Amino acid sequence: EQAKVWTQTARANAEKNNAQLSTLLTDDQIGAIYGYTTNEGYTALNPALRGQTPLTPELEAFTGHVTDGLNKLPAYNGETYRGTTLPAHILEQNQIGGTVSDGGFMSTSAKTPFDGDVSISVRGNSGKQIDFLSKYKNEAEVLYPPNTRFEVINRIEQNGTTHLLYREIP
């Protein structure tokens, strides 16, 4: 019932926003990526991928559909941003030269971030733009799949925010 709502909602939005990209995605794939952008879908899925809750059969299938769909989309080759707040001991591990890798999906956006004590600039090309699946195509979300590795190649504290620069290491 839920997956069909996701598929039909995402399909309507994509046909408005970029109908040709829509054809790259199966019903299962487009509904799964859309579901990742809902609170119920994201809160069930990403904490399991990050090892906080168990990755159950239904969640395994969910992840596979998301990543199969992202794999069809064209590369976003550029810089995107994540505004966030990291625990002190995690930020301490983000030293220049360090490596980072999220077991979950990492949401970023092409837009300049507003909130968070940390602003992460992300350079890569495994991220995929998924804004065409939203109703207004307005948030420029670029989604990195699980276990993308990044090297911390720069860091600076400017005003109250720690800026980090991640380079994807394929």
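The first residue of the sequence shown is number 1, and the count goes up from there.
When 128-136 is weighed against 52-60, 52-60 comes out higher, by mean CA B-factor as recorded in the entry. The mean Cα B-factor in the deposited entry runs higher for 111-119 than for the other of 111-119 and 22-30. When the modelled residues of the chain are ordered by their C-alpha B factor, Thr67 lands in the middle third. Split the chain's modelled residues into thirds by C-alpha temperature factor. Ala3 is in the highest one. Ranked by C-alpha B-factor against the other modelled residues of its chain, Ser101 falls in the highest third. Annotation for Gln95: C-alpha temperature factor in the highest third relative to the rest of the modelled chain, per the entry. For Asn154, the recorded CA temperature factor ranks within the middle third of the chain's modelled residues.
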